[PDB]
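Residue-level listing of the chains:
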Amino acid sequence: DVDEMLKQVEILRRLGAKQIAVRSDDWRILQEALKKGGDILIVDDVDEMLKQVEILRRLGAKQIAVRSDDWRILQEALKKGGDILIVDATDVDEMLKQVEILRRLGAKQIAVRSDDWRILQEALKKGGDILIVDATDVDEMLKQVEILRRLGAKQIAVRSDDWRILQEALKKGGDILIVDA
Ligand SMILES: [Cl-]
């Protein structure tokens, strides 16, 4: 969706978003995001993921993110030049373990994704850098963003396939807006 992603990135920039992330499986879509000024490129198969990280690295992308529920894959991504490691969280204790492991591998930017703000709060307490609210309902999203902010979160991302939710997240003060491509 080079056209439809370009649209959302441009509108979000006009609405005042300072950090826009684009997720896609096609490195050329991410390349188009990079040339458009997208801030974070999210690489959405392990060999294919590693090849995309190398391509984006050599294109000059400064913030390459990789998502996995397997810390071993995130470790491989870090060694090949990934910047932001996104821990896909569904159990609090497994999430806390992965954050510990990746920090000790030298990861300087660890993100945790969940639709449960309580998991995100546990990641915040543990030192997770970016909390990704996985949003389905606009009012639920708004309450989670406020809770995490008041609990001290300083980088809150919102991901949604609903454009209406991304717009409202930005209005509410969400720090990073994640566009699907
Ligand atoms: Cl994500």
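Residues numbered from 1 in each chain as written, not as in the entry; some residues may be left out. Heavy atoms only, no water.

- The record lists X-ray crystallography as the method behind this PDB entry and 1.6380 Å as its resolution.

### A short note on helix 4 (residues 71–79)
Step number 1: All of the buried residues in helix 4 are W71, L74 and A77. Considered in projection along helix 4, the buried side chains sweep an arc of 110 degrees and stay on one side of the axis.
Step number 2: Each element contacted by the buried residues of helix 4 is listed here: helix 3 (46–58), strand 3 (64–68), strand 4 (84–88) and helix 5 (92–104).
Step number 3: At the C-terminal side of helix 4, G81 shows a positive phi close to 110 degrees. (Buried < 20%, exposed > 50% of the residue type's maximum accessible area, 1.4 Å probe, protein only. Helix = DSSP H or I, 4+ residues; strand = E, 2+ residues; numbered from the N terminus. Arc of directions from axis to C-beta. Contact = heavy atoms within 4.5 Å.)

### Concerning the packing of helix 7 (residues 138–150) against helix 8 (residues 163–172)
Step number 1: Their axes nearest at 10 Å, the elements helix 7 and helix 8 cross at an angle of 30 degrees. The orientation of helix 7 with respect to helix 8, classified from their angle, is roughly parallel. In the packing of helix 7 onto helix 8, the handedness of the crossing is right-handed. Two secondary-structure elements touch here, helix 7 through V138, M141, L142, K143, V145 and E146 and helix 8 through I165, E168, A169 and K172.
Step number 2: Of the residues assigned to the contact of helix 7 with helix 8, the class counts are six nonpolar, no polar and four charged. (Axes fitted to C-alpha atoms, helices over the stretch in contact; angles between N-to-C directions. Parallel < 35°, antiparallel > 145°, perpendicular 65-115°, else oblique. Left-handed = near helix turned anticlockwise from the far one by under 90°. Nonpolar A, V, L, I, M, F, W, Y, C, P; charged D, E, K, R; others polar.)

### Looking at the side chain of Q8
Step number 1: Its location among the elements puts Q8 in helix 1 (residues 2–14).
Step number 2: Classification of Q8 by relative accessible area gives buried; the value is 14%.
Step number 3: With near-sequence residues (within four places) excluded, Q8 lies in contact with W163, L166 and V179.

### Some points on the pattern of salt bridges
Side chains that carry opposite charge are capable of pairing whenever their charged atoms lie near each other.
Step number 1: The final tally for this structure, using the stated rule, is 20 salt bridges.
Step number 2: One salt bridge in this structure joins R149 and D175, with 2.9 Å as the shortest N-O distance. Taken together, the residues span a long stretch of sequence, with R149 in helix 7 and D175 in the loop between helix 8 and strand 8 (176–180) at a distance of 26 residues.
Step number 3: Several salt bridges share partner residues, and in doing so they unite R113, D134, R159, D161 and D180 into one network. (Salt bridge = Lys/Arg side-chain N within 4 Å of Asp/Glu carboxyl O.)

### As for the nonpolar core
Step number 1: Of all hydrophobic cores here, the largest spans 51 residues; its most connected members are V22 and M95.
Step number 2: Setting aside chain neighbours within four positions, we find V22 in contact with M5, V9, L30, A33, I40, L41, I42, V179 and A181.
Step number 3: Counting residues in hydrophobic clusters, the runner-up holds 12 residues, among them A21, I42, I84 and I132. (Core = buried A, V, L, I, M, F, W, Y, C linked by side-chain atoms within 4.5 Å.)

### Some thoughts on the environment of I176
Step number 1: Topologically, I176 is positioned in strand 8.
Step number 2: Exposure remark for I176: the relative accessible area of 2% places this residue in the buried category.
Step number 3: A sequence separation of 78 residues divides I176 from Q98, and the C-alpha atoms of the two residues are 22 Å apart.
Step number 4: Residues contacting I176, with those up to four places away along its chain left out, are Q19, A21, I40, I130, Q155, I156, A157 and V158.

### Points about the sheet that holds strand 4
Step number 1: One closed barrel holds the eight strands; their spatial order is 1-2-3-4-5-6-7-8, and the pairing between them is parallel. This sheet shows a mean twist of 25 degrees between the axes of neighbouring strands, independent of strand direction.
Step number 2: In the sheet, strand 4 pairs with strand 5 (residues 110–114) via four bridges, with the strands oriented parallel. Directly across from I86, in strand 5, lies its bridge partner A111. (Pairing = 2+ DSSP bridges.)

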